[PDB]
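Protein chains in written order, with this note's numbering: chain A, 1 to 583; chain B, 1 to 583.
For each residue, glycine too, the CB sits at the ideal point set by N, CA and C.
Working notes, beginning with the structure itself.
Protein chains: 2
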Amino acid sequence: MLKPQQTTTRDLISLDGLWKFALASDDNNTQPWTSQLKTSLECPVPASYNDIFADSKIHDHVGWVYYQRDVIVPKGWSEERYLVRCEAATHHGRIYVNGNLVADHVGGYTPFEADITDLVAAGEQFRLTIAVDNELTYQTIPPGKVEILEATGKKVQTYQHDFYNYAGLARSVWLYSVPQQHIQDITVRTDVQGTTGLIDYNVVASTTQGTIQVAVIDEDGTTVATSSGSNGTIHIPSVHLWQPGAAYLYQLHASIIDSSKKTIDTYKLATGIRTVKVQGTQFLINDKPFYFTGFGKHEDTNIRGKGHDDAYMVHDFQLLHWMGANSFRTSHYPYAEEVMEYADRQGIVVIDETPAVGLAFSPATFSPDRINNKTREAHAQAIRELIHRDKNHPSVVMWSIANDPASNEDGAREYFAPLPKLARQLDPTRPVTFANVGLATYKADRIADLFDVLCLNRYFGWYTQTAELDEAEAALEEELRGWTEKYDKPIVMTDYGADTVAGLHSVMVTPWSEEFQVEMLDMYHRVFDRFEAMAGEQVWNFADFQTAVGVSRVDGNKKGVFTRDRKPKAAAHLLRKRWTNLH
Amino acid sequence: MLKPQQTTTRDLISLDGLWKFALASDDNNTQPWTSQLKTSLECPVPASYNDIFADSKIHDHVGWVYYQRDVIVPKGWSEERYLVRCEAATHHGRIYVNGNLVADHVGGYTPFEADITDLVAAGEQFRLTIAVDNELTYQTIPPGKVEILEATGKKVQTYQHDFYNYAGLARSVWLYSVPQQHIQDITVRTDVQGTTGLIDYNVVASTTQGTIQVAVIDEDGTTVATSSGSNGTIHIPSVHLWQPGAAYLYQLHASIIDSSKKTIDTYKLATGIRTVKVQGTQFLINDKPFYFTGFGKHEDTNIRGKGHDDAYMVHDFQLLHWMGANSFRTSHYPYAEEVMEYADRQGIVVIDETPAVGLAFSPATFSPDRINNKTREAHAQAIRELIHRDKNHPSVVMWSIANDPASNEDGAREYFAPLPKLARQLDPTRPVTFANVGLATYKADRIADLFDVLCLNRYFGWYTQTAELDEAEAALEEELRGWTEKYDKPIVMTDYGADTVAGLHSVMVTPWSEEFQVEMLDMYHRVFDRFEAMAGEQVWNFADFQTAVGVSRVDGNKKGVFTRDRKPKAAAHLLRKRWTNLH
Ligand SMILES: CC1(C)[C@@H](O[C@H]2O[C@H](C(=O)O)[C@@H](O)[C@H](O)[C@H]2O)CC[C@]2(C)[C@H]3C(=O)C=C4[C@@H]5C[C@@](C)(C(=O)O)CC[C@]5(C)CC[C@@]4(C)[C@]3(C)CC[C@@H]12
Ligand SMILES: CC1(C)[C@@H](O[C@H]2O[C@H](C(=O)O)[C@@H](O)[C@H](O)[C@H]2O)CC[C@]2(C)[C@H]3C(=O)C=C4[C@@H]5C[C@@](C)(C(=O)O)CC[C@]5(C)CC[C@@]4(C)[C@]3(C)CC[C@@H]12
């Protein structure tokens, strides 16, 4: 259902705070959800659990963990319907109401919930256990594989993506209420015809006893259009368009109305009116060419891992404005909903991406014993959930289906083909892409024609023609010539950068130095400006972030333009110089 | 010839200073050495040239470079014989006297010289040009291979060892004089009978008209013994032995005496009376069991590359005493002669190693198109030169023939077999070893039985069972159990460590972190003390040093226990605690 909010007809209780916490063990205490959890450990809830406790065993845990607390259902919610929702459980979440299992959810970055109305009475207290598993298989969405170390028998988790596999309840948890007759979902699609905006709306409600009313109210509070019935099309004369650096949001009020025109339910949905179209080599927002600038990001901060953080979000956006970035990509999984809402308000453009990284074992990637049909089912599901949650965001401008898949290999085409079709059928208003890895050159890639925009990740400077920028430059523009020659589509570089340690400086060409980072980005830009077909540049990455451990990762990925704590490297100042002065 | 010194009969002029410097190029000036060099560039000589100039083209240069200066032979040197000597030219040096080639030397780390007596008159000035080439082939001592980048034509140098291929005149240059009848070489060998010390000596001198006297003088200037003739045996009653941690050096004056008892030539040779023996599993110095503590090192400092530096030498030795290290290994090439002399006086023990690192392409490494018989000729030459130079140092206790050869492969035994014998045949006073890489396990290695002591380099914690210390413990232990049950020899660990950035800290098990470094060294020690056959532990590395450019090297190699500028990481304090509280 829709993201809960408080209305005149709905109440909303945060369940954030400290919960009791335990790992699964191998004792008789199988089934921790059947009684009061016995632990001194408390884990804060919007957070990944891994780095919270300064304990290796928790950090390295493979398998299930348990969060628990008591909840009291407000006494005045008899006569109403009520749910427990996890905005996200990374990767597999189970909800229990006193020992009854009431939801079982497999994706790691989208919402799930359970209607507990008939299990617990208003004003009753219950024990809420939420079990979350972190295990990845070749069928989970980021896929991976658990192994056992021979000598010690320690379980270990392998996977093919960079960022660390933080787990837990990294986003907030809620108790909320709706009326018996309630709104469940709303879809809004926005076109523009001259100066007139139009909203195609569709409301889905638990009942059609009593009817649906809509009002559309502008930023000044004046009702600018009205409509009746669950589905319809509204015109808005002289619209204020939502624009890439000037957000404008109307506010769509969907209500359920009884025989007496008495409101029995209501929901307020923020709406930006704007259009995305791809025309040849151009990416058009409101019929005008747009050029992405900004980053691929990560949900990653010092202690709470991937947990949502209001402050770092608002700061992160301020830093985007400060350097004149107009966009980012939700690199390698959907971010928290609040980020998308905030982007809507900040006038920031978003490439919104599924959790589908790691579909590459370079052993044939797309085969029965690796990334097969059952993985595609999970991928299809990821696509549906992402789209079902983020479809109404004006800031969301395109769907990214995957990141660095092995789109050069046999089987890749048979695997991906249905997916861009599924997306476009779920949401026909946005174009679809994926992020292409170096191995799938314009010659070798077998999947690119099935997409509306091409996104490329490239590290010519760093990984291959190492510190040889003149060699990287030639190879970069060879590759881009190939792509422009072969496809009539917009090109966005979604990765390009260099690991860089704050304070490490050199007047020579030296990788891992701030000078090198600047020089490489600056070369890439020179090359970008040589190609009419370029529609965007998003540096990798906004900020240093944590990775699986490895002799080649210096306490994480240090390709950030800011440090993990958001201090700017020289690179940051270079981008600021370029993005505040370019078109 | 012997390392030149000033005596009553010999003069010695330093030619260190700034020299004019030029890269070779494709100009109508093939042949720089034939006229005054045209450059504004001056390179200081005891220095590698690569980082001096803050210029990428000089640094990345592949091939020849030219140093030049004017030199004046003293007017008072008529009636004498005189030479120009390079202590070292990395890797291939040529000496030119006004356009005449007079020396052509091929290894990068040993002396060469030319007698110019008849080409330049006393009191004459001449133009001294020394050409030095950096190119590594599969036949050079560190071997390597030059390649050409496809798009640009940049000439580039590949090789298989870590440390950066610094080139140039990294050690001092000299003009010196010797009488017509002179001492060319001395060999001293030292045994003990009870409390009497016995010096076996042999003097090689240019002629025999008039004879050889020898005097042995103690640290007090008291002549303690004498002898006549170009070779013989000197008896020293109640000898002051040379000991690890308590140097004592006698001073052996070889003279040439004419028909009158008038001195014609004299040379003063520092000697320490000491024996080295391997009996089963023990390493014995003066019939007392010995345990190595310290480091593999590198000649490497911030701007002068491999340039010898007195301050860093004295300081580095001071840091060794501070942490109670008693030894180091001349990791990957012979060090400056002056370091060996200083080790003699400091009572520091030395594993002295040839430049033969990188004999490993893991394609078969020991074949005609890789390490082949001509390569083995170069290797044999390197062994001869090293032994010829460092034969008289009591500090030097064992020759290391190579570092990380692929001694697990077919052909490796046929390649190395002659090499231990050659060393033992040139110098029968010391054991011979080599440093064994992880591929070459106790099972797989096929070379180890030809050596007197086994040295192992092992990185279980860092490179293989990464951050998994218990897993590394088990595999380290297994391995060592394999070597001890298979050979009756001393086992010295010569590499073990982890990249560690100063300042990077963590309460968790975190590679590259100061805490991790300590946790790993500490564990390795725990395993060492379980095995009676261990004869030494030498950490890799003493200090952070520069390497070739690469995404897995953070502006060089950071496995130092000290920083490049010699600041202690947490690990330095751990070793200090360990080595000062045990023998
Ligand atoms: C690592 C990935 C998957 C890709 O994404 C990465 O982004 C960031 C990073 O690189 O640091 C991090 O977020 C994280 O590490 C990853 O998600 C970056 C590109 C990537 C490293 C590819 C390459 O860079 C280049 C490769 C070349 C291609 C080719 C044709 C060549 O250049 O000659 C063959 C050789 C080689 C090394 C094959 C591997 C890839 C495709 C590589 C390393 C794969 C992984 C990519
Ligand atoms: C790099 C060397 C030659 C060795 O010496 C180096 O020490 C330091 C360093 O590693 O950075 C520096 O001083 C410098 O770079 C070198 O002198 C260190 C060990 C070394 C890296 C080996 C390993 O660490 C482990 C390897 C494993 C072992 C293997 C084959 C097995 O026996 O089962 C499994 C796979 C692998 C990766 C094969 C390579 C080696 C033997 C490796 C990397 C070889 C190079 C070694």
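Chain-ordered neighbours of residue 196 of chain A on chain B, where CB pairs are closer than 7 angstroms:
Those within 7 angstroms of residue 196 of chain A in chain B number zero; the least Cβ separation is about 54 angstroms.
Coarse secondary structure for residue 283 of chain B, derived from DSSP in three states
strand
From this set, A:452, A:442, A:579, A:449, which residue's C-alpha is nearest residue 594 of chain A's C-alpha?
The requested residue 594 of chain A is not part of the displayed model; chain A covers only 1 to 583.
Given a cut-off of 9 angstroms, decide if residue 439 of chain B and residue 494 of chain B are closer than it, judged by their beta-carbon atoms.
no
For the segment 461-483 of chain B, list every residue whose C-beta sits within 7 angstroms of some C-beta in chain A, in sequence order.
462, 463, 466, 467, 468, 470, 471, 474, 475
Return yes when at least one heavy atom of ligand 2 lies under 8 angstroms from the C-beta of residue 330 of chain A, else no.
no
Along chain A, which residues have their Cβ under 7 angstroms away from the Cβ of residue 550 of chain B?
466
With a threshold of 9 angstroms between beta carbons, is residue 585 of chain B in contact with chain A?
There is simply no residue 585 of chain B to check, as chain B begins at 1 and stops at 583 in what is shown.
Is the segment 288-299 of chain B touching the segment 250-267 of chain B, taking contact as three or more C-beta pairs under 8 angstroms?
no
Just mark residue 385 of chain A as buried or exposed, buried being the case when its beta carbon has 16 or more other beta carbons within 10 Å.
buried
Does at least one heavy atom of ligand 1 sit under 8 angstroms from the Cβ of residue 327 of chain A?
no
Do residue 445 of chain A and residue 400 of chain A have their C-beta atoms closer together than 9 angstroms?
no
Specify, as a first and last residue, the run of the beta strand (DSSP E) that residue 524 of chain B falls within.
Not the beta strand (DSSP E): residue 524 of chain B falls in the alpha helix (DSSP H), residues 514-528.
If you draw a straight line from the C-alpha of residue 168 of chain A to the C-alpha of residue 434 of chain A, how long is it?
27 angstroms
Can you tell me where the beta strand (DSSP E) holding residue 216 of chain B begins and where it ends?
211-217
I'd like to know whether the C-beta of residue 23 of chain A is nearer than 9 angstroms to at least one C-beta of chain B.
no
Short Cβ contact (9 angstroms threshold) for residue 590 of chain A with residue 12 of chain A
This structure does not reach residue 590 of chain A, given that chain A is present from 1 up to 583, and the question cannot be answered.
In terms of residues, what are the limits of the beta strand (DSSP E) holding residue 112 of chain B?
112-115
Apart from the five residues on each side of it in sequence, which residues of its chain come closer than 6 angstroms, Cβ to Cβ, to residue 431 of chain A?
278, 398, 452, 453
Looking at residue 559 of chain A and ligand 1, is the gap between the Cβ and the nearest heavy atom below 8 angstroms?
yes
C-alpha gap between residue 188 of chain A and residue 380 of chain A, whole angstroms:
22 angstroms
Beta carbon proximity, residue 216 of chain A to chain B, threshold 9 angstroms
no
So the candidates are B:346, B:186, B:76; which of them puts its Cα closest to the Cα of residue 395 of chain B?
B:346
Nearest-angstrom Cα distance between residue 46 of chain A and residue 132 of chain A?
14 angstroms
Taking residue 501 of chain A and residue 554 of chain A to be in contact with their CB atoms under 8 angstroms, please state how far apart those CB atoms are, rounded to whole angstroms.
7 angstroms
Which ranges does the beta strand (DSSP E) cover as unbroken runs of at least 3 residues, wholly within the segment 136-183 of chain A, from first to last along the chain?
144-148, 155-159, 173-178
Relative to the alpha-carbon of residue 577 of chain A, which residue among A:534, A:544, A:525, A:530 has its alpha-carbon at the smallest distance?
A:525
Give me the Cβ distance between residue 95 of chain B and residue 103 of chain B, rounded to the nearest whole Å; I'm assuming they're in contact under 8 angstroms.
4 angstroms
Cα-Cα separation between residue 428 of chain B and residue 252 of chain B, rounded to whole angstroms
21 angstroms
C-alpha gap between residue 366 of chain A and residue 409 of chain A, whole angstroms
8 angstroms
In chain order, what residues of the same chain lie with their CB nearer than 7 angstroms to the CB of residue 51 of chain B, ignoring the 5 residues before and after it?
59, 303, 305
Report the three-state DSSP secondary structure of residue 277 of chain B (helix, strand or coil).
strand
Identify the contact partners of residue 398 of chain A in chain B, using a Cβ-Cβ distance below 9 angstroms as the criterion.
Those do not exist, as residue 398 of chain A stays about 31 angstroms from chain B at its closest Cβ, beyond 9 angstroms.
Check each candidate in B:339, B:234, B:330, B:120 and name the one with the smallest Cα separation from residue 315 of chain B.
B:339
From this set, A:544, A:195, A:231, which residue's C-alpha is nearest residue 275 of chain A's C-alpha?
A:195
By how many angstroms is the C-alpha of residue 85 of chain B removed from the C-alpha of residue 225 of chain B?
33 angstroms
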